[PDB]
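Q:
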Amino acid sequence: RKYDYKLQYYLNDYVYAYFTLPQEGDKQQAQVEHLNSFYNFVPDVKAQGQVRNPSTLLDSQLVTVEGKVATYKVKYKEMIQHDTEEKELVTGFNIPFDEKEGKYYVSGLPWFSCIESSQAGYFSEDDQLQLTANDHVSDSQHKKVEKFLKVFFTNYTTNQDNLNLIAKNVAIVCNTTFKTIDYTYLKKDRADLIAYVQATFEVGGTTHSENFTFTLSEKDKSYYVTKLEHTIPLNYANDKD
Amino acid sequence: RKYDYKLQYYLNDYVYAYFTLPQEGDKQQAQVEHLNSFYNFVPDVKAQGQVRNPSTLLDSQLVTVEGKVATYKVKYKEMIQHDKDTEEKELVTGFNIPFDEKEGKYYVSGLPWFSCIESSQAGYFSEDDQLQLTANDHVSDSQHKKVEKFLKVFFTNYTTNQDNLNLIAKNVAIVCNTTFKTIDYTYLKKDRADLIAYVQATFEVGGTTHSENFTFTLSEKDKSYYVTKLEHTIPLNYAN
Amino acid sequence: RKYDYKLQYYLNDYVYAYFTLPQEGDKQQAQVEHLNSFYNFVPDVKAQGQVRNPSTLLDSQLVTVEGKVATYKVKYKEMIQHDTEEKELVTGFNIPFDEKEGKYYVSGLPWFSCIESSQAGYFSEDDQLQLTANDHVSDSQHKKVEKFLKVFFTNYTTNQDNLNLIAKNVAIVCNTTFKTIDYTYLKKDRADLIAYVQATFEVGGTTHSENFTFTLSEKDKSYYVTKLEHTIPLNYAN
Numbered sequence: 089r090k091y092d093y094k095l096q097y098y099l100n101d102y103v104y105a106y107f108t109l110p111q112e113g114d115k116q117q118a119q120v121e122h123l124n125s126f127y128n129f130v131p132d133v134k135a136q137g138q139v140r141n142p143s144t145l146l147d148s149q150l151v152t153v154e155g156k157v158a159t160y161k162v163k164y165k166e167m168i169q170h173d174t175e176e177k178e179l180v181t182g183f184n185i186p187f188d189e190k191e192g193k194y195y196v197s198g199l200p201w202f203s204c205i206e207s208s209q210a211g212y213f214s215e216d217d218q219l220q221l222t223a224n225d226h227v228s229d230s231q232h233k234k235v236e237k238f239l240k241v242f243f244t245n246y247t248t249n250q251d252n253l254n255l256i257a258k259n260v261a262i263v264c265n266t267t268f269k270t271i272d273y274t275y276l277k278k279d280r281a282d283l284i285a286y287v288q289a290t291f292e293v294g295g296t297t298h299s300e301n302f303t304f305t306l307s308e309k310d311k312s313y314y315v316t317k318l319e320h321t322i323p324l325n326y327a328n329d330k331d
Numbered sequence: 089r090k091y092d093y094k095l096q097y098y099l100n101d102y103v104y105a106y107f108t109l110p111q112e113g114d115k116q117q118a119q120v121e122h123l124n125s126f127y128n129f130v131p132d133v134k135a136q137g138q139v140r141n142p143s144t145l146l147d148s149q150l151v152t153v154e155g156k157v158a159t160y161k162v163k164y165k166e167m168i169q170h171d172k173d174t175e176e177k178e179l180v181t182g183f184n185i186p187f188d189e190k191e192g193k194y195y196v197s198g199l200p201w202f203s204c205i206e207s208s209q210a211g212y213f214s215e216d217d218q219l220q221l222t223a224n225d226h227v228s229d230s231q232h233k234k235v236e237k238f239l240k241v242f243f244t245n246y247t248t249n250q251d252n253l254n255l256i257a258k259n260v261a262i263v264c265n266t267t268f269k270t271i272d273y274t275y276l277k278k279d280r281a282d283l284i285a286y287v288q289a290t291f292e293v294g295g296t297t298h299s300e301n302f303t304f305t306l307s308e309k310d311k312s313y314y315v316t317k318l319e320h321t322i323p324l325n326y327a328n
Numbered sequence: 089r090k091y092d093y094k095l096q097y098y099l100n101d102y103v104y105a106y107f108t109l110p111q112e113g114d115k116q117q118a119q120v121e122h123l124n125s126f127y128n129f130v131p132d133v134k135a136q137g138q139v140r141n142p143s144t145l146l147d148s149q150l151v152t153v154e155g156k157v158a159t160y161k162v163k164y165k166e167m168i169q170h173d174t175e176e177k178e179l180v181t182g183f184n185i186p187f188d189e190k191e192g193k194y195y196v197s198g199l200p201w202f203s204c205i206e207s208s209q210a211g212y213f214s215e216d217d218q219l220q221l222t223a224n225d226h227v228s229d230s231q232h233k234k235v236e237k238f239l240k241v242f243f244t245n246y247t248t249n250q251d252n253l254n255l256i257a258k259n260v261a262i263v264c265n266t267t268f269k270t271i272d273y274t275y276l277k278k279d280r281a282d283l284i285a286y287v288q289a290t291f292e293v294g295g296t297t298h299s300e301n302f303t304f305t306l307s308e309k310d311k312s313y314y315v316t317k318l319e320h321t322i323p324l325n326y327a328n
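Protein chains in written order, with the entry's author numbering: chain A, 89 to 170, 173 to 331; chain C, 89 to 328; chain B, 89 to 170, 173 to 328.
1. Strictly under 8 Å for the Cβ-Cβ distance: is residue 236/B near chain C by that measure?
2. Do the segment 177-187 of chain A and the segment 200-220 of chain C touch if we need at least three Cβ pairs shorter than 8 Å?
3. So with CB distances below 7 Å, who are the chain C contacts of residue 301/B?
4. Check the Cβ of residue 265/B against every Cβ in chain C and list those closer than 9 Å, keeping chain order.
5. Taking all protein chains shown into account, do 16 or more other C-beta atoms lie within 10 angstroms of the C-beta of residue 213/C, making it buried, or fewer, making it exposed?
6. In the DSSP assignment, find the alpha helix (DSSP H) that holds residue 227/A and state where it starts and stops.
7. Beta carbons nearer than 7 Å to chain A: which residues of the segment 130-151 of chain B have them?
8. Hey, could you find the ends of the alpha helix (DSSP H) residue 124/C is sitting in?
9. Going by DSSP, what residue range makes up the beta strand (DSSP E) through residue 262/C?
10. Give the residues of chain A in contact with residue 185/C, contact being defined as C-beta atoms less than 9 Å apart.
11. Nearest to residue 235/C by alpha carbon, out of 292/C, 196/C and 305/C?
12. Could one say the Cβ of residue 293/B lies closer than 8 Å to chain C's Cβ atoms, at least one of them?
13. Excluding the 5 residues flanking residue 313/A on each side, which residues of the same chain have their C-beta closer than 6 Å to its C-beta?
14. Could you tell me which chain A residues have their CB closer than 8 Å to the CB of residue 296/C, listed as they occur along the chain?
15. Nearest-angstrom Cα distance between residue 195/A and residue 145/A?
16. Spatial neighbours of residue 163/A within its chain, please: C-beta separation below 6 Å, excluding the five flanking residues on both sides.
17. Does residue 89/B come within less than 8 Å of chain A when only Cβ atoms are used?
18. If contacts are defined as beta-carbon pairs under 8 Å, then residue 268/A and residue 247/A qualify, I think. What distance do you get, rounded to the angstrom?
19. Can you find at least 3 beta carbon pairs, one from the segment 254-265 of chain B and one from the segment 309-323 of chain B, that sit closer than 8 Å?
20. According to DSSP, which residues form a beta bridge with residue 158/A?
21. Which two residues bound the contiguous alpha helix (DSSP H) that contains residue 94/C?
22. State the Cα-Cα distance for the pair residue 127/B and residue 198/B, rounded to the nearest angstrom.
23. Would DSSP call residue 241/A helix, strand or coil?
24. How would you list, in chain order, the residues of chain A whose beta-carbon sits under 7 Å from the beta-carbon of residue 272/C?
25. I want to verify the contact list: residues of chain A whose CB lies under 7 Å from the CB of residue 231/C, in sequence order.
26. Show which residues of chain A have a CB atom less than 9 Å away from the CB atom of residue 256/C.
27. Consider the Cβ of residue 315/B: report whether some Cβ of chain C lies at a distance smaller than 8 Å.
28. Report the partner residues of residue 144/B according to the DSSP bridge assignment.
29. Nearest chain C C-beta to residue 154/B closer than 8 Å, yes or no?
30. Do the segment 98-118 of chain A and the segment 112-121 of chain C meet, that is, are 3 or more Cβ pairs less than 8 Å apart?
31. So, does the segment 264-283 of chain C touch the segment 217-227 of chain C, judging by three or more C-beta pairs under 8 Å?
32. What span of residues does the alpha helix (DSSP H) with residue 322/C cover, start to end?
33. Between which two residues does the alpha helix (DSSP H) harbouring residue 328/B extend?
34. With a threshold of 8 Å between beta-carbons, can residue 311/A be considered close to chain C, or not?
35. Residue 207/B and residue 167/B - do their beta-carbons sit closer together than 8 Å?
36. To the nearest angstrom, how far is the alpha carbon of residue 93/A from that of residue 150/C?
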């Protein structure tokens, strides 16, 4: 079972039924019967007479399903057309459900919640990556590395066969021009040479920087790339600890 | 591997190539070669002169993948050309695709086949499974009042202020864009030191009012209650 | 936990912030601050200055998440006004991320890649499925099978109760007329008789072929379908 969307598509239908209500009172009956068809039993509601404006579902996304609770994020619009009065709302919307013999139903009244922000904060300053150290390495080694990297970065943006000469398992990139090496700290690791590198590429008319960790093996007068990452680790200059 | 859509996007492409055929006879050639590129080898079909009208794919969704079989739900329209006019007939069906993988790459291995779209809605329910909110509890009139007085504060806070809510309840987030309106129902049940309230109440969001259900687990604190646990369902077997 | 899209929706927001830059050189500042809010710390960039044209995100899809690396496929347009030049580009776009207490952040500069083709090739010709063999099986069995399969295929397109008489656990199909059996190779396997079959169905005004493997058990004067597959195996004429 690599994929199973049956539940999700079901609840998507529920959510549409619930947040959809047209203006014409005729057609407004059928809509509610469509909605009631989702429940095992229409929920027992003591309240006398709910008020209910016409509504359109603008956007729905299932964020999680945990136990017998599905949680959506919803954006819907409430309209009275006479001239038009409108409001747009977003909310969380939580649906209690269950399964009978591979079939689904809504089991209960849904409930509203706030959409939670996903972004983390409160970061230790110890977790920041500053690219400010300098290595105490030869200018001659720096020249050799620098000369290798222009070839590498040329190949990495242009030719797969050439890249395979100087690097293991590295795919080339599309639609890109190499421009500049802007940073390079070198660290000997027994027989390997780690290069931590930031460089500059142009895609269309726009340039971006990216970071690399190269693991270099000596071959001929030059290098071979045994391993390439796309992040510089925080502990990159730990030849100093 | 938290997420992997590679297969799904692939099959999405297959399904579009299969249910798409334009009118322009020049463009209609290339479309078939595009389709044939999905298979390892174009499937062997004995029947000659298949009848293939133009069609447009209106909608496709992968519903499951099991083994080397993908199952879609499809809505497409065929453009059937008469003499006097043209017909546009709209069909939905299920559509099952046999596939395989070579070294993290994909291909369609076989002729796909059509099926009925499964209804996902359950039915034929025992009446024993319904939630009937009718009873009056065996529980004191005075407790009824104290709970009722607590719940207006709770519900006020639950819709208005996080700090206040934390005084009277553990780990309960407030709700957005909501006004409290009414408590409409309340059955109380003694559980040793705790008091379970089953509660239905009425909120206004925008210009619309909805009912919702709660199970509170209430602990005595001061002259009042503390909310140890809050659920958003009343359980079927809630009474005595 | 059947479903959890929290990460995916997060990275969708990142990708929109990154590939979006409006023309107004002032509302262009707030956009960058919106983008910077994703990272734990705004990445340290040694290169000075940098050229950034307005851009609109046309399309994004997360293809994989592996470790702390998300990989997208992206389609965006760059808008250069001087009249208007628009470049439309697709690329891969890889985002390094992490989680603190069920929350997310982008941890580093993202990087571009080629969108990998998903289609396999380089197939052995031994793996092609040709329906071209003829069985060395009696002409009388051929007739009995043929007569069964018209009933089966009629039922399979028309009536569930009838289908259950002649087959275990086979759902009928909707909106379909049976038309023709176009191929049939028969093979005894111990007690069962395997039929490999291709037939022709009409849905709307269009006809398609499909393939079946039936496992047939003798019942009465006829067959019972113990197992139905929808693919003929490569090694069928064994």
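Think of the CB as a built atom: it goes at the ideal place given N, C-alpha and C, for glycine as much as any other residue.
A: On the basis of the coordinates in this document:
1. no
2. no
3. 198 and 199
4. 179, 180, 181, 202 and 204
5. exposed
6. Per DSSP, residue 227/A belongs to no alpha helix (DSSP H) and is neither H nor E.
7. 132, 133, 134, 135, 138, 139, 140 and 141
8. 113-124
9. Premise fails: residue 262/C is in no beta strand (DSSP E) and is neither H nor E.
10. Residues of chain A passing the Cβ test: none, with the nearest at roughly 12 Å.
11. 305/C
12. yes
13. 238 and 306
14. 138, 139, 140, 141, 143 and 166
15. 21 Å
16. 146, 147 and 180
17. yes
18. 5 Å
19. yes
20. 153/A and 185/A
21. 94-107
22. 7 Å
23. helix
24. 134 and 135
25. In chain order: nothing, as chain A lies at least about 20 Å away.
26. Ordered by position in chain A, no residue passes the 9 Å Cβ test against residue 256/C, which lies about 19 Å from the chain.
27. no
28. 165/B
29. yes
30. no
31. yes
32. Neither: residue 322/C is in no alpha helix (DSSP H) and is coded neither H nor E.
33. From DSSP, residue 328/B is part of no alpha helix (DSSP H); its letter is neither H nor E.
34. no
35. no
36. 7 Å
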